[PDB]
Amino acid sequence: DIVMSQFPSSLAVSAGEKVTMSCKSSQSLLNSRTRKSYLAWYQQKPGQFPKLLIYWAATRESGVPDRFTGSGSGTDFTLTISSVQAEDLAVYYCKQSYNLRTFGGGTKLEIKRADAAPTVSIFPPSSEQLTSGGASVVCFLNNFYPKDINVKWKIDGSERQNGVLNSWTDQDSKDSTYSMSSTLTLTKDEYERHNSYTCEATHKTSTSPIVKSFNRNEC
């Protein structure tokens, strides 16, 4: 089966800087007849299908920028990116074709950028949802950096933790930021016995949270 290992599995760099990714095989991929190693690299940007970059360890596929370069022989291989660009954001997989085919676990490339505060929006449950007995209060923390961030919910000034679900998007190709949603789900009755709802975002670039809230009585 030949096992393909890619470590480190995660890498972060600023645009303009050099990048090298590692791929090692449990068995040699060198064909003694052709004197070539059967290893390829693929690029998979967020939400898209993969794209072939290099094959035969060092041959660049048609239409691939010279910024990408493959090297190595036997069981040790590397993929280098001369000068990384924001658009190079993606997960890179190596794949052997020496015997059948096998992919490595991939190395996720992250783009380092200036720390940014999130743009916060809070949304009350819609009238349409109430007419069903549910009450979802939603908060968007958009376009921030780094990825780590905390969200705190408060009802009538008191912190609430049970019933909160959070979800982060992958890094954005353009602007290299991250975004995340926080959704507090209650029953309609629970929602109606309280008045103030607040979403507090504490980022690695804040001495004070970014706060957004609404009063149910103000509709």
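So that there is no doubt, residue numbering starts at 1 and follows the sequence shown.
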item	value
Of 144-152 and 93-101, the one with larger mean CA B-factor	144-152
Residue stretch of maximal mean CA temperature factor, 131-139 vs 68-76	131-139
Peak C-alpha temperature factor (PDB record), options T198, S22, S25, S208	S208
Per the PDB entry, maximal CA B factor within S62, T183, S32, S179	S62
Chain-relative CA temperature factor third for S37	lowest
Relative C-alpha B-factor of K188, binned into the chain's lowest, middle or highest third	middle
Third of chain Cα B-factors occupied by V84	highest
Third of the chain's Cα B-factor distribution that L109 belongs to, per the entry	middle
Lowest, middle or highest third - CA B-factor, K45	middle
